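Colleague: Starting off with a structure, shown below.
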Amino acid sequence: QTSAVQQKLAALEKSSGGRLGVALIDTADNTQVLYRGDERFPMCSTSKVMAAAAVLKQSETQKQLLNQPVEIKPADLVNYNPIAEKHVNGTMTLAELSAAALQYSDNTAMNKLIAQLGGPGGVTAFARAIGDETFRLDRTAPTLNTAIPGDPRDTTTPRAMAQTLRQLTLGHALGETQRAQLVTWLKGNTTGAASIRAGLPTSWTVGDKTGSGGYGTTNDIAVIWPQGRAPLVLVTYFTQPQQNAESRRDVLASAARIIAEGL
């Protein structure tokens, strides 16, 4: 029952010391369970899904776009870029950049995707094109994770992001080849084992994208294919009052467990 789940989520938030935002879409009956579902949260690297999806949308009309080489230059390097730094003064294809951004949260890769879309305004324009009026990307990858309270830059709501993730992976926002590619990348994520995945049965298939940033911001957005029932879309956003708070992936796992046990 939704109220029971929301009460548990409220208990989770209270014990966590932070602010918790949850949106669950159960596609079996299109019920939605929200907790702070219309509050804005910093997206951090969960925004990489929109950027990958927008480049996939570009490739629907620019054939072979994903195989185009992109130069990685020293000026592209930033703090966290475990794939792209191995290609400085070389190239990576836009497919490789998308995979690196999604599966390793590589921030140089994300910056190349943002640039390929015409800047943060271009990523935001893609969101608007697919009916997301809430998402806003305002900054490039080495600064969009500051997650300062009160700062509307690089934020969305749980409800908006769950609706958009559903449209991208289970709906028709992308062509079929592109949708399959996005889902393949998300299923291959390497950074999510402690977040939503840790609160779910291992026999369920998950595609997800984590995010983290300042103020102990710890996020995860996921498409879930349980056994025995239709897919779920789950967004879990979490942020804390101290600028130097530690990440709490285990809180997202608890959110996912409450959802997976209660609905």
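If you're wondering about the labels, chains in the structure tokens are A, B, ... by order shown, residues count from 1 in each chain, ligands from 1 in order shown.
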Just the residues within 7 Å of residue A:249, please, counting only C-alpha atoms, with nothing from its chain fewer than 6 positions along; format it as a PyMOL selection string.
Modeller: chain A and resi 194-195+218
Colleague: Dump N, CA and C atoms for the selected residues as a CSV table (one decimal), in the first residue's frame?
Modeller:
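For reference, part-v9.csv as written:
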chain,number,residue,atom,x,y,z
A,194,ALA,N,26.2,-1.0,-5.0
A,194,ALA,CA,25.8,-0.7,-3.6
A,194,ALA,C,24.6,0.1,-3.5
A,195,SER,N,24.0,0.5,-4.6
A,195,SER,CA,22.9,1.5,-4.6
A,195,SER,C,21.6,0.7,-4.8
A,218,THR,N,23.8,11.4,-3.1
A,218,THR,CA,23.9,10.0,-3.5
A,218,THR,C,22.7,9.7,-4.3
Colleague: Got a sec: who's within 12 Å of residue A:184, counting only C-alpha atoms, leaving out chain neighbours fewer than 5 positions off, as a list in words?
Modeller: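 Selected residues are residues 95, 98, 99, 102, 103, 169, 177, 178, 179, 189, 205, 206, 207, 208 and 223 of chain A.
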Colleague: State, in Å with one decimal place, the distance from atom CA of residue A:180 to atom CA of residue A:120.
Modeller: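 Answer for the atom CA of residue A:180 to atom CA of residue A:120 separation: 24.7 Å.
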Colleague: From the list A:111, A:203, A:31, A:68, which residue is nearest residue A:93 when using only C-alpha atoms?
Modeller: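 Between A:111, A:203, A:31, A:68, the residue approaching residue A:93 most closely is A:68.
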Colleague: So how far away is atom CA of residue A:21 from atom CA of residue A:248, in Å?
Modeller: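 Between atom CA of residue A:248 and atom CA of residue A:21 the gap is 13.5 Å.
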Colleague: When you look at residue A:72 with a cut-off of 6 Å (counting only C-alpha atoms), what residues show up, excluding the ones that are within fewer than 2 positions of it in the same chain? I need them as JSON, numbers by chain.
Modeller: {"A": [88, 89, 90, 91]}
